[PDB]
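What follows is one chain in structure tokens, specifically the form solved without the DNA.
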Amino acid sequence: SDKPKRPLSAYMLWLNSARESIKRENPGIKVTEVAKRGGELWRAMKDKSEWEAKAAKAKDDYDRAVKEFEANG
């Protein structure tokens, strides 16, 4: 397999689910101003338990899969 979905922060998972809808509604906003606004929708949407818990899942499928990813010496 290739590089597995590395584990990250919850606010990040949502950042990926809104990265496309973020640059669209935004004027090609810079990556530095993309996080300042991404923090408003993140806490203005529903909650974090969605992504946060989701990160754990990648964790299990990440420690076990990375091995396969690292077994390509």
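Residue indices: 1-based, along the sequence shown.
Absent from the display: the form deposited with the DNA bound. The rest refers to it.
For the chain shown alone, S49 is not a contact residue for the DNA in the deposited bound form, no non-hydrogen atom being within 4.5 angstroms. Contact between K54 and the DNA in the deposited bound form is not found at the 4.5 Å heavy atom cutoff. Taking the partner from the other structure, the DNA in the deposited bound form has a heavy atom within 4.5 Å of a heavy atom of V31.
Interface residue remark: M12 is counted as part of the site for the DNA in the deposited bound form, having a heavy atom within 4.5 Å. Every member of the trio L8, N16 and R19 reaches the DNA in the deposited bound form with some non-hydrogen atom inside 4.5 Å.
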